[PDB]
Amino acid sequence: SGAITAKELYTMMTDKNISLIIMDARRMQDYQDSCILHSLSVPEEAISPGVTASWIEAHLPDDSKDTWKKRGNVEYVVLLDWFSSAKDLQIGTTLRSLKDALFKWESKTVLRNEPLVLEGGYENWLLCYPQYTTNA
């Protein structure tokens, strides 16, 4: 488990029946260039191994904190970077660090479900569903 395909994520996003937060763990500038509609930037720069959810939170701008604090309200938290899938969450990896902060380490907020990794990441999403992306 711990995974979601682009197809399954698209279906979730188009059927506004299930609550979702998409967390983009790519670099700040990469996010700004192009990101999934309504996704949260939790930038690579604000993430390192062993950090807690609240350590991440402290590094976020006000608008991003609002979404971060509400992470326990939603059914699913989806994680992505450029290229990774759920197989690629080794120690030291940005998505592994983010996931552990969200689901393993000490946090005031418990997620309803295990975070899911977008298979193929943003590279695969851009090519599959560019209309659900910030630049046209």
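Residue numbers run from 1 along the displayed sequence.
- When 83 to 91 is weighed against 34 to 42, 83 to 91 comes out higher, by mean CA B-factor as recorded in the entry.
- With 118 to 126 and 11 to 19 compared on mean CA B-factor from the PDB entry, the stretch scoring higher is 11 to 19.
- For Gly72, the recorded CA temperature factor ranks within the middle third of the chain's modelled residues.
- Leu102: CA B factor in the lowest third of modelled residues in this chain (values from the PDB entry).
- In the PDB entry, a CA B factor belonging to the highest third of its chain's modelled residues is recorded for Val51.
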